[PDB]
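turn this into a structure:
(one chain, ligands or ions: 1)
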Amino acid sequence: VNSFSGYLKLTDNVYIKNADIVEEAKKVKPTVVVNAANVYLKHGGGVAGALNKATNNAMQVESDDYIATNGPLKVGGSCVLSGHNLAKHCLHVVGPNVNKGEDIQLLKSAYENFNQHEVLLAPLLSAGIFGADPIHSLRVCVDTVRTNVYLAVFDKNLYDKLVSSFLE
Ligand SMILES: CC(C)[C@H](Nc1ncnc2[nH]c(-c3cnn(C)c3C#N)cc12)c1ccc2c(n1)NC(=O)CO2
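Numbers count the residues shown, from 1 in each chain. And now the structure:
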């Protein structure tokens, strides 16, 4: 029922909280949870592994059937599939992996997919092992997304750095 609580309001449409996106999905039952996906939808590690494990592998079985018939996504692209027990829908979004040389300009394209949904629970795109500068990813979110986005960042030091840098 989109009952988000305990988020800091950064802008009129962007909110942020130090929390695990899986625990937020369980508490909130959002209409849309965003997965930090890769092009073949292999939900190993990071956000994707955590969401998939919380569905008892249902998300991986559904995603393998999608890829068999439709093929891989593009960097900056997205795919709406079932949200299983975590949300009504899961929006799988592929941000660029700059640790693998993918272009950081495609992070704006990745965030643009959020504009199709009125309200979303999401992670910080291209952060962690994808290698983008997290402060930059937050600025791209704030500049690109017009709909209501609730960012869950599961790392207190990173959350504090993002908040302090934005509040300058
Ligand atoms: C910057 C990070 C703090 C952030 N991670 C997270 N952000 C929010 N909720 C989270 N839950 C978990 C969790 C829950 N259980 N487990 C075992 C995990 C893991 N791993 C992790 C997580 C993050 C955002 C975007 C990402 C990635 N990581 N990593 C990637 O490979 C791709 O893109």
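
got the contact list for stretch 39-48?
By C-beta atoms under 8 Å, 6 or more residues apart in numbering, the residues outside stretch 39-48 that reach it are 21, 35-38, 49, 51-52, 59-60, 63-64, 66-67, 72-75, 77, 79, 92, 94, 123, 128-129. The C-beta positions use only the backbone N, C-alpha and C, and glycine is treated the same way.

in the helix ranked longest in the chain, what's buried?
As assigned by DSSP state H, the longest helix anywhere in the chain is helix 58-70. Within helix 58-70, the residues that count as buried by 16 or more other C-beta atoms under 10 Å are 59-60, 62-63.

how many residues are close by the closest residue in space to residue 7 that isn't next to it in sequence?
Distance criterion C-beta to C-beta, 6 or more residues apart in numbering; nearest residue to residue 7, sequence neighbours excluded, is residue 15 at 3.8 Å. Residues near residue 15, counting by other C-beta atoms under 10 Å, number 17.

helices of this protein, start to end?
Assigned helices in the chain, in chain order: 21-28, 46-54, 58-70, 106-112, 134-144, 156-166 (criterion: DSSP H).

quick revisit: specify the beta-bridge partners of the residue nearest to residue 7.
Taking DSSP bridges, one obtains residue 9, residue 150 as the residues bridged to residue 15.

I figured it hits residue 6, correct?
No: judged on C-beta atoms under 8 Å, residue 15 makes no contact with residue 6 at a distance of 9.5 Å.

span of stretch 98-111 from start to end?
16 Å (C-alpha to C-alpha, to the nearest Å).

among the buried residues of helix 58-70, which two are most distant?
60 and 62 (7.5 Å; C-beta to C-beta).

give me every residue in the protein lying close to the ligand.
Residues of the chain found near the ligand (C-beta under 6 Å from any ligand atom) are 20-22, 36, 45-47, 50, 123-124, 127-130, 152-155, 158.

pull out the buried members of those.
20-22, 36, 46-47, 50, 123-124, 127-128, 130, 152-154, 158.

which one of these is nearest to residue 101?
Out of these, the member with the shortest distance to residue 101 (by C-beta to C-beta) is residue 130, at 11.6 Å.
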